[PDB]
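K.L.:
Encoded as structure tokens, here's the structure I'll be asking about.
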Amino acid sequence: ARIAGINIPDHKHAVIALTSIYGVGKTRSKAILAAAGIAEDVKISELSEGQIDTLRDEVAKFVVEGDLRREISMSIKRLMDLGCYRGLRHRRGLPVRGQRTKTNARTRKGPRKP
Amino acid sequence: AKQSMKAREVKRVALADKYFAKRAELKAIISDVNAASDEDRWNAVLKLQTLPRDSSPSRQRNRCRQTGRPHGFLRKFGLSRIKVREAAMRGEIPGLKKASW
Amino acid sequence: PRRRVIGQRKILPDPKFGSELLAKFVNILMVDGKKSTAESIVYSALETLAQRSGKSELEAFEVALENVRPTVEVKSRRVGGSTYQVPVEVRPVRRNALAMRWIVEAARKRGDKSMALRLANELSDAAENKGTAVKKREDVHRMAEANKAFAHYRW
Amino acid sequence: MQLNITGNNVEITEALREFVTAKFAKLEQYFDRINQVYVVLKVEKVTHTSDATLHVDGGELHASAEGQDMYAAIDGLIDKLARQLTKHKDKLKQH
Amino acid sequence: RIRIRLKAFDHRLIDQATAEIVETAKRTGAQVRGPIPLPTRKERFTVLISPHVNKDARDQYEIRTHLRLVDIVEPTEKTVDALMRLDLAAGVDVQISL
Amino acid sequence: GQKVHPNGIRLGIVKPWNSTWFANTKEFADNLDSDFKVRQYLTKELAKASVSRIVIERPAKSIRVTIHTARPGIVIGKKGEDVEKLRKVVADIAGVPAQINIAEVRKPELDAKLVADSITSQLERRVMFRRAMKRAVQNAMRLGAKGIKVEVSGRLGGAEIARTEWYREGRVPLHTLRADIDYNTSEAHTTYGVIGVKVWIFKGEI
Amino acid sequence: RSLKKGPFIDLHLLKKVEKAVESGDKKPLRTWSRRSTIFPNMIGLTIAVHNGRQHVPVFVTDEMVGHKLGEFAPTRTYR
Amino acid sequence: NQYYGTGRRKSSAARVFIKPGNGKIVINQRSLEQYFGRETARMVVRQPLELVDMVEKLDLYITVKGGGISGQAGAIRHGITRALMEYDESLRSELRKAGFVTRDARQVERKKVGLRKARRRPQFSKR
RNA sequence: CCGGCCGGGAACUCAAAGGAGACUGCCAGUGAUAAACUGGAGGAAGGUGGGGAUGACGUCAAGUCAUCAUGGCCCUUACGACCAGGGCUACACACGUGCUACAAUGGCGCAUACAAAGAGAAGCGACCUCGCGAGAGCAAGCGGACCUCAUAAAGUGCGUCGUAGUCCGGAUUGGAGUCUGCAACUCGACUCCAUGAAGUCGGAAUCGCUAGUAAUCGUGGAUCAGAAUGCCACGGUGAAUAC
RNA sequence: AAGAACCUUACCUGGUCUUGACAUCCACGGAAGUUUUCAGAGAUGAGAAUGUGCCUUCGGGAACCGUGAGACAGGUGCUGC
């Protein structure tokens with residue numbers, strides 16, 4: 001019960017507990033586990049270390065917690081250093097995809113100042 | 001409604017009819033999946049810019065044919081939402097009457 | 001309303017038991033107009049009432065209802081430049097309908113896991129008179145009997 | 001109390017905005033507690049006209065006053081609103 | 001075998017129009033399968049009624065385009081020229097099939 | 001500014017349509033502005049011919065323009081050469097064909113367009129408006145009309161503020177739908193602005 | 001994000017590149033085509049993209065070939 | 001022989017056909033229990049037939065289209081009541097007393113302009 | 001080949017034309033023997049059946065000179081005209097209308113039952129192949145009770161989640177894609193993978209609704225190359241309450 | 001506003017134009033139209049080829065395209081008090 005650095009979800013089901021890794025949702029976890037041949041509705045307390053070892057090398061191809069946290073930072077380091085439009089929205093805490101900023105803009109700002 | 005702009009788009013309907021719907025093969029015949037993915041397909045994107053810009057059918061605002069109003073249009077009658085009512089109540093549009101259900 | 005003593009219409013009864021009283025009860029917790037989802041919860045909640053009380057099913061329901069139905073109701077009455085809580089005696093067709101509304105609002109809180117057992121626990125506790133539905137009835141009567149000083153009728 | 005000052009053909013300055021809020025601080029405490037204000041200033045070729053819509057705990061009350069130089073218009077508007085606020089207050093006391 | 005399908009805007013005009021056809025179809029020739037009524041289209045147009053604001057001020061119009069079918073069984077040559085040159089009461093529109 | 005158009009609400013009950021052609025959604029648009037462009041053209045020169053209304057039918061690649069007018073002699077002129085003179089230039093607008101007919105009206109004082117243009121021609125040649133509306137309603141009631149209402153609005157004699165005047169006579173019941181009420185409107189382009197006159201004329205209820 | 005077949009560049013800029021790369025480094029290219037992509041043929045030249053009222057000079061570095069010309073030309077000025 | 005009543009309710013038309021036999025009922029080549037046998041208002045089909053006797057007396061074959069699950073089922077209740085035409089007002093006079101023969105003509109209202117769902121006004125508020 | 005599939009049938013559903021019907025018409029009682037009222041019978045419908053259309057004289061010198069028409073004034077090598085690029089999408093903030101929620105009357109996976117209304121020719125676009133998917137290729141059919149959009153969804157059957165910011169929530173952002181169009185950087189929609197924010201039922205205050213209504217569920221249309229949580233329509237389920 | 005990427009769009013920076021983008025009238029040429037090159041952000045500007053009927057009064061009668069003169073055209077400029 002130790003996958004890709006922490007991964008300690010006890011008595012959760014198989015495809016559900018694997019999504020605790022930063023780097024996998026429910027689609028990849030049912031794709032990762034089908035590549036190793038384990039039934040997807042079984043709790044990981046049932047799984048033995050002779051079955052957990054097939055999970056460790058399968059999750060090593062899709063990038064996870066260690067480097068996935070920094071590859072998405074490599075892009076935002078690149079855009080803020082170049083000075084594009086999305087870089088300055090990243091540089092000022094504003095929305096990037098062209099959403100409304102007159103009224104809401106609020107999950108990007110955070111709280112409200114006054 | 002700004003008589004020049006009524007005269008501006010009557011230029012655009014003439015230009016869009018003569019170049020495109022005659023030279024529409026530049027997009028729909030060569031610029032697709034083909035056994036022609038060489039530089040001839042690359043010229044298909046490029047020579048469209050030498051064409052005048054006011055020749056695409058997607059620059060028609062489709063204004064009213066009595067006042068030239070760009071907003072409130074109806075494709076069935078070809079008039080704006082004002083001139084449809086004042087002709088329907090007069091009795092100019094055949095079949096049209098007030099609806100109730 | 002000002003005019004119009006309203007022409008009352010009828011309710012079709014319950015399929016499983018020959019009662020419109022429980023068919024009135026299933027229409028109350030029928031949220032967003034979903035009757036099959038409403039009727040499945042109440043049938044699962046009264047079969048649970050039988051094993052947890054020993055009796056038969058439908059007459060165990062009203063013995064939890066006579067322990068929760070009120071006899072007097074207090075109102076706000078506007079007189080003078082203020083407004084006090086005058087008590088009034090309840091009509092019987094409102095008396096049961098005020099009772100089974102108090103059951104459901106106690107069943108949406110008192111949070112247990114499923115809705116069928118949330119209703120099934122206090123339908124027992126209405127009969128043993130320690131649930132929070134009876135505490136609504138006794139605190140209504142606690143306010144009406146404190147306000148016995150307001151009334152031109154003596155019954 | 002939240003002010004909402006708005007002008008139709010009268011672009012509000014900074015001296016005029018504080019002149020509204022200091023005047024609307026008067027008809028504040030001294031008459032009633034209120035929720036929300038909408039102030040509208042208008043110039044119609046002669047009449048400096050000022051409207052105001054107060055929202056209170058009971059309902060709404062509106063007053064309008066045309067004046068001389070947009071300062072006497074708001075000075076007549078508050079006296080129109082303060083009398084409607086005392087009439088509404090004693091309607092909700094009835095001792 | 002002619003699927004003579006005809007539409008109009010007025011129901012009182014389209015009923016006199018098909019009755020002008022089915023009587024000539026039995027005066028010469030025979031085998032008429034009636035003026036069967038087909039479902040009419042009811043194109044509704046909701047139009048704003050002011051030159052400006054008040055969205056909620058609107059006016060609803062409609063066009064009821066009535067539709068009738070005759071569907072003769074076996075063609076005779078005396079009627080196939082008689083169905084042409086008889087298209088009076090303007091407001092109706094005929095479309096023949098074979 | 002709050003009433004329904006009394007001609008347009010009763011269009012299947014008593015009043016007929018001024019256009020009686022069928023077209024599906026492909027040619028419905030270009031039929032209608034060509035119907036409009038011959039309506040703006042025939043009102044141009046035949047304004048002195050006292051035209052009431054223009055009924056247009058389009059049978060099978062043609063057009064039939066029946067002109068309702070008060071003076072049928074001057075619209076054809078001598079010999080009838082001018083009704084074929086428009087017939088060359090009607091065909092010039094719409095598709096070829098064209099058979100222009102004239103169905104004259106016997107009473108120019110009971111048709112709502114022919115009352116509304118007689119006032120609006122008087123208001124532009126500077127007469128008193130109270131003379132015009134009172135002469136209009138007393139001429140209609142002496143000829144068989146069971147009701148008339150004439151309402152004029154505008155500057156009304158050069159006053160700097162506008163007002164309305166109306167001089168109804170008889171029964172003009174607008175809310176009943178079986179009542180045949182002829183209604184039309186014209187405009188006076190005087191030296192003070194636009195003066196609008198709208199005439200209701202009630203004849204019968206079936 | 002879009003234009004699955006072929007990147008887009010305008011002819012009044014594309015031919016203005018191949019008359020300005022073989023002839024040495026030249027003037028800041030006063031262009032209005034913000035709609036055009038950065039190709040690798042213009043790496044190391046000065047481009048003057050129009051932002052609405054002036055022409056901001058941008059030096060085309062090696063790593064901006066995935067973007068367009070208008071993304072390095074801000075339009076609205078805030079504070 | 002075979003008797004007919006039409007029956008319809010809430011944009012859903014039934015076609016019921018009765019004749020004497022056993023107590024089977026078949027709806028669009030399906031029985032009741034595979035169509036809505038304990039679904040929403042399960043007994044609304046049989047409830048005009050416990051006002052009378054039905055135990056193994058009349059078998060029937062119906063075809064219903066349009067509407068929904070309870071809209072079809074109310075059309076059958078009006079339908080088989082209309083089908084009891086060979087059994088006249090000895091059976092029908094005490095059938096008016098509990099309903100079952102009124103059309104229940106409550107249709108859905110048209111959505112009006114300005115409103116949202118024919119009564120709902122779009123919430124003009126003060127706060 | 002049990003598919004209205006095929007002969008056939010014209011009964012039925014339905015289509016849309018023409019009629020019938022509901023009028024306090026009938027009975028009983030009260031009332032000034034009047035108008036009328038309350039109740040009952042019959043009846044599909046009973047007291048203007050249900051809904052729409054219909055807006056009295058006027059009111060606010062309300063809205064519109066930017067639909068249009070128009071009096072007066074003003075511009076007329078510019079307040080006119082053309083073109084590219086930008087802006088109308090800016091954001092410390094304030095407010096109004098909506099959508100999605102905070103879950104177990106649910107989420108998810110599989111199986112599966114029943115609608116109405118409407119649109120379609122530079123249009124709707126089957127079936128068959130390819131792609132995880134948005135879609136792509138080939139391409140019939142259809143100016144349409146025929147063909148296409150077009151699986152209705154909630155519901156129901158089974159299984160799982162165990163009350164946790166959770167298998168709730170779908171925001172934000174990164175990567176990779178599709179379609180439209182000359183061109184989706186400013187500034188489109190959608191799909192895929194990943195990321196999983198606030199949010200645990202909401203202060204003072206406030207809103208809509210009297211029955212097929214409220215509340216929920218999906219569908220369609222106009223505008224339109226593309227671009228609705230809006231608007232206009234359509235049906236499914238379906239209340240509580242009115243002293 | 002029943003739907004702002006360009007267009008729409010009326011606003012802004014910049015490139016331009018003038019009896020004009022749109023209408024009638026006068027005078028003078030050219031059938032209109034079609035294909036293509038260069039410069040330019042495009043508008044525009046310089047071109048290169050092609051093209052010719054309807055009535056004979058025939059410098060035409062029309063259609064359409066250029067040049068000049070004004071009468072003017074144009075305005076989503078102001079006042080809905």
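Each chain of the structure tokens is named A, B, ... in the order shown, its residues numbered from 1; ligands are numbered from 1 in display order.
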Need the shell around range 5-20 of chain J: protein/DNA/RNA residues with any atom at most 10 Å away, counting only C-alpha atoms (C1' of nucleotides). Skip same-chain ones fewer than 5 positions apart. Format as a ChimeraX atom specification?
P.N.:
/B:2,9,53-54,56,58-63,70-71 /G:50-54 /I:66,77,80-88,181-184,186-188 /J:41-44,69-74,76
K.L.:
Go through chain E and flag each residue having an atom no more than 7 Å from chain F; for those, report the closest pair of atoms plus their distance in Å to one decimal, using only C-alpha atoms, ordered by chain and rising number, as a tab-separated table.
P.N.:
```
residue	atom	partner	partner_atom	distance
E:8	CA	F:22	CA	6.1
E:9	CA	F:22	CA	6.7
E:90	CA	F:59	CA	5.1
E:91	CA	F:21	CA	4.3
E:92	CA	F:22	CA	6.1
E:93	CA	F:22	CA	6.5
```
K.L.:
Residues of the last selection are to be written out with N, CA and C atoms, as a tab-separated table (two decimals), in the first residue's frame.
P.N.:
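Output contents, as saved in part15.tsv:
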```tsv
chain	number	residue	atom	x	y	z
E	8	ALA	N	-51.85	25.66	-49.41
E	8	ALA	CA	-52.33	27.04	-49.46
E	8	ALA	C	-52.20	27.64	-48.07
E	9	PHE	N	-52.58	28.92	-47.95
E	9	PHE	CA	-52.54	29.61	-46.68
E	9	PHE	C	-53.90	29.70	-45.99
E	90	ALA	N	-55.98	32.06	-57.03
E	90	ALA	CA	-54.57	32.26	-56.67
E	90	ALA	C	-54.39	32.35	-55.16
E	91	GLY	N	-53.39	31.63	-54.66
E	91	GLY	CA	-53.19	31.45	-53.24
E	91	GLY	C	-52.94	29.99	-52.94
E	92	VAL	N	-53.23	29.13	-53.92
E	92	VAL	CA	-52.95	27.70	-53.84
E	92	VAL	C	-51.74	27.41	-54.71
E	93	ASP	N	-51.02	26.33	-54.38
E	93	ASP	CA	-49.87	25.89	-55.16
E	93	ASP	C	-49.87	24.38	-55.29
```
K.L.:
For range 45-52 of chain E, please output as a PyMOL selection string all residues within 9 Å (counting only C-alpha atoms (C1' of nucleotides); exclusion window: fewer than 2 positions along the same chain).
P.N.:
(chain B and resi 72+74+81-82+84-85+99) or (chain E and resi 43+54-63) or (chain I and resi 63-64+67+222+232) or (chain J and resi 2)
K.L.:
Find the residues in chain C near chain I: any atom within 12 Å counts, using only C-alpha atoms (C1' of nucleotides). Write them as a PyMOL selection string.
P.N.:
chain C and resi 1-9+11+23-42+73+75+88-91+93-94+97-98+100-101+104+107-109+111-119
K.L.:
Pick out the closest residue to chain C from this set: H:14, H:98, H:75, H:60. Count only C-alpha atoms.
P.N.:
H:98
K.L.:
Would you give me, as a list in words, the residues in chain H that DSSP reads as strand (DSSP E or B)?
P.N.:
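These are the residues in question: residues 3, 4, 5, 8, 13, 14, 15, 16, 17, 18, 19, 20, 25, 26, 27, 31, 58, 59, 60, 61, 62, 63, 64 and 65 of chain H.
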K.L.:
Taking the DSSP assignment computed from this structure's backbone, write out as an NGL selection string all residues of range 15-101 of chain H that belong to alpha helix (DSSP H).
P.N.:
:H and (69-83 or 89-92)
K.L.:
Residues as selected, N, CA and C atoms, written as a PDB file, in the first residue's frame, can you do that?
P.N.:
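This went into part-v4.pdb:
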```
ATOM      1  N   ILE H  69     -45.808   7.421 -18.177  1.00  0.00           N
ATOM      2  CA  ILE H  69     -46.173   6.180 -17.499  1.00  0.00           C
ATOM      3  C   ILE H  69     -47.507   6.328 -16.766  1.00  0.00           C
ATOM      4  N   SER H  70     -47.721   7.466 -16.103  1.00  0.00           N
ATOM      5  CA  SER H  70     -48.993   7.692 -15.431  1.00  0.00           C
ATOM      6  C   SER H  70     -50.024   8.331 -16.345  1.00  0.00           C
ATOM      7  N   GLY H  71     -49.588   8.973 -17.428  1.00  0.00           N
ATOM      8  CA  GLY H  71     -50.534   9.537 -18.376  1.00  0.00           C
ATOM      9  C   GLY H  71     -51.198   8.472 -19.225  1.00  0.00           C
ATOM     10  N   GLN H  72     -50.448   7.426 -19.586  1.00  0.00           N
ATOM     11  CA  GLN H  72     -51.052   6.276 -20.248  1.00  0.00           C
ATOM     12  C   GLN H  72     -51.977   5.520 -19.311  1.00  0.00           C
ATOM     13  N   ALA H  73     -51.586   5.396 -18.042  1.00  0.00           N
ATOM     14  CA  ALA H  73     -52.322   4.560 -17.104  1.00  0.00           C
ATOM     15  C   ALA H  73     -53.654   5.194 -16.721  1.00  0.00           C
ATOM     16  N   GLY H  74     -53.707   6.526 -16.697  1.00  0.00           N
ATOM     17  CA  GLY H  74     -54.979   7.198 -16.500  1.00  0.00           C
ATOM     18  C   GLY H  74     -55.883   7.119 -17.712  1.00  0.00           C
ATOM     19  N   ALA H  75     -55.300   6.943 -18.901  1.00  0.00           N
ATOM     20  CA  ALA H  75     -56.111   6.803 -20.106  1.00  0.00           C
ATOM     21  C   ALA H  75     -56.775   5.434 -20.170  1.00  0.00           C
ATOM     22  N   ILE H  76     -56.137   4.418 -19.586  1.00  0.00           N
ATOM     23  CA  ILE H  76     -56.741   3.091 -19.540  1.00  0.00           C
ATOM     24  C   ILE H  76     -57.903   3.071 -18.553  1.00  0.00           C
ATOM     25  N   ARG H  77     -57.763   3.796 -17.440  1.00  0.00           N
ATOM     26  CA  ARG H  77     -58.829   3.866 -16.442  1.00  0.00           C
ATOM     27  C   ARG H  77     -60.061   4.566 -17.004  1.00  0.00           C
ATOM     28  N   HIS H  78     -59.855   5.618 -17.788  1.00  0.00           N
ATOM     29  CA  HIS H  78     -60.953   6.194 -18.549  1.00  0.00           C
ATOM     30  C   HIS H  78     -61.335   5.309 -19.727  1.00  0.00           C
ATOM     31  N   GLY H  79     -60.403   4.478 -20.202  1.00  0.00           N
ATOM     32  CA  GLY H  79     -60.679   3.635 -21.352  1.00  0.00           C
ATOM     33  C   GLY H  79     -61.587   2.462 -21.052  1.00  0.00           C
ATOM     34  N   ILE H  80     -61.250   1.662 -20.036  1.00  0.00           N
ATOM     35  CA  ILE H  80     -62.028   0.459 -19.760  1.00  0.00           C
ATOM     36  C   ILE H  80     -63.364   0.817 -19.115  1.00  0.00           C
ATOM     37  N   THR H  81     -63.458   2.010 -18.521  1.00  0.00           N
ATOM     38  CA  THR H  81     -64.756   2.537 -18.119  1.00  0.00           C
ATOM     39  C   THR H  81     -65.616   2.853 -19.334  1.00  0.00           C
ATOM     40  N   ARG H  82     -65.010   3.425 -20.380  1.00  0.00           N
ATOM     41  CA  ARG H  82     -65.720   3.649 -21.632  1.00  0.00           C
ATOM     42  C   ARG H  82     -66.049   2.335 -22.335  1.00  0.00           C
ATOM     43  N   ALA H  83     -65.244   1.295 -22.107  1.00  0.00           N
ATOM     44  CA  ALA H  83     -65.483  -0.014 -22.706  1.00  0.00           C
ATOM     45  C   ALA H  83     -66.679  -0.734 -22.109  1.00  0.00           C
ATOM     46  N   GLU H  89     -76.229   1.398 -17.379  1.00  0.00           N
ATOM     47  CA  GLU H  89     -76.246   2.227 -16.172  1.00  0.00           C
ATOM     48  C   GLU H  89     -76.690   1.507 -14.902  1.00  0.00           C
ATOM     49  N   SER H  90     -77.051   0.226 -14.963  1.00  0.00           N
ATOM     50  CA  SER H  90     -77.026  -0.584 -13.752  1.00  0.00           C
ATOM     51  C   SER H  90     -75.609  -0.665 -13.196  1.00  0.00           C
ATOM     52  N   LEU H  91     -74.608  -0.699 -14.082  1.00  0.00           N
ATOM     53  CA  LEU H  91     -73.203  -0.673 -13.694  1.00  0.00           C
ATOM     54  C   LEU H  91     -72.627   0.740 -13.641  1.00  0.00           C
ATOM     55  N   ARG H  92     -73.201   1.682 -14.396  1.00  0.00           N
ATOM     56  CA  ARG H  92     -72.575   2.992 -14.561  1.00  0.00           C
ATOM     57  C   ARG H  92     -73.071   4.049 -13.581  1.00  0.00           C
TER      58      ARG H  92
END
```
K.L.:
Grab the CA of residue 4 in chain G to CA of residue 71 in chain G distance for me, in Å with one decimal place.
P.N.:
19.4 Å
K.L.:
Taking 3 positions as the minimum chain separation for residues in the same chain, which residues sit within 8 Å of residue 7 in chain D when counting only C-alpha atoms (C1' of nucleotides)? Answer as number ranges by chain.
P.N.:
D: 10-12, 40-42
K.L.:
Please dump the current selection as an mmCIF file, in the first residue's frame; keep N, CA, C and O atoms.
P.N.:
```cif
data_model
loop_
_atom_site.group_PDB
_atom_site.id
_atom_site.type_symbol
_atom_site.label_atom_id
_atom_site.label_comp_id
_atom_site.auth_asym_id
_atom_site.auth_seq_id
_atom_site.Cartn_x
_atom_site.Cartn_y
_atom_site.Cartn_z
ATOM 1 N N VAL D 10 -25.163 64.116 -15.982
ATOM 2 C CA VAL D 10 -24.474 64.820 -14.911
ATOM 3 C C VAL D 10 -23.379 63.899 -14.390
ATOM 4 O O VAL D 10 -23.619 63.073 -13.505
ATOM 5 N N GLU D 11 -22.174 64.038 -14.943
ATOM 6 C CA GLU D 11 -21.032 63.241 -14.506
ATOM 7 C C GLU D 11 -20.594 63.701 -13.122
ATOM 8 O O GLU D 11 -20.151 64.842 -12.948
ATOM 9 N N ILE D 12 -20.733 62.814 -12.137
ATOM 10 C CA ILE D 12 -20.577 63.157 -10.726
ATOM 11 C C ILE D 12 -19.091 63.367 -10.436
ATOM 12 O O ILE D 12 -18.228 62.630 -10.915
ATOM 13 N N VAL D 40 -30.242 58.976 -8.164
ATOM 14 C CA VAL D 40 -30.189 59.296 -9.587
ATOM 15 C C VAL D 40 -30.259 60.808 -9.744
ATOM 16 O O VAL D 40 -31.221 61.440 -9.291
ATOM 17 N N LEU D 41 -29.248 61.384 -10.392
ATOM 18 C CA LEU D 41 -29.191 62.812 -10.674
ATOM 19 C C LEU D 41 -29.418 63.029 -12.165
ATOM 20 O O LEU D 41 -28.856 62.300 -12.989
ATOM 21 N N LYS D 42 -30.241 64.017 -12.508
ATOM 22 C CA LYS D 42 -30.594 64.298 -13.894
ATOM 23 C C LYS D 42 -30.606 65.797 -14.154
ATOM 24 O O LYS D 42 -31.007 66.587 -13.295
#
```
